[PDB]
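First, one chain by itself: the form deposited in one PDB entry, in C-alpha cells.
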C-alpha cells in the first residue's frame, strides 16, 4: 500500500538567496528566468518556487526512505527526473522521467504544497498497487 512518505521545509529567504547561482542543482531544474525572478525574496515568484522545490525534496525523501530505493541510491540526475508541476486546474502533480521513473515504475505519488511568511512546506506519499 504505502511505499514511502516525505516532508520538507524550506526557508524562502534562504532559497531566494541561493536559487540563482550558475552551476547548482537549481540550474538543472529551474529556468534562468524562473531563478532570476525568484532571486527576489519578496516576489511571489520566489514564494511559489520555494514550494515547488520543497515538493521535489519531499518526493526524494519519500523514495529514498523506502525499500523501492536501491541500497546505493541517488546518482545525481535525480533533481530533474522528479518534476513538480501545476496541473491544468491549479493543482500539483509530480512527473517522473528517467531512472527514478523506472524505479517508481508503477506507484502513485500524492503531493501538497503550502507557504506562509518565510517558510514553505510539502509532503508526499507513495502508494503501491
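Numbering follows the first chain given and starts at 1. We call the rigid core the largest set of C-alpha positions that still match within 1.5 Å between the two forms. Only residues modelled in both forms are compared.
Although it is not shown, the form deposited in another entry is what the next lines describe.
Residue 45: CA moves less than 2 Å between this form and the one not shown after rigid-core fitting. In this overlay on the rigid core, residue 94 has a C-alpha that sits less than 2 Å away from its partner position between this form and the one not shown. For residue 31, the Cα coordinates differ by under 2 angstroms between this form and the one not shown after the core has been superposed.
Between residue 73 and residue 123, the Cα spacing is larger in that other deposited form than in the shown form, differing by no less than 3 Å.
In comparison with the shown form, the Cα-Cα distance of residue 54 and residue 74 increases by at least 3 angstroms in that other deposited form. Moving regions between this form and the one not shown, defined as 3+ consecutive residues each with a CA shift of at least 2 Å after core superposition, lie at 68 to 75, 87 to 90.
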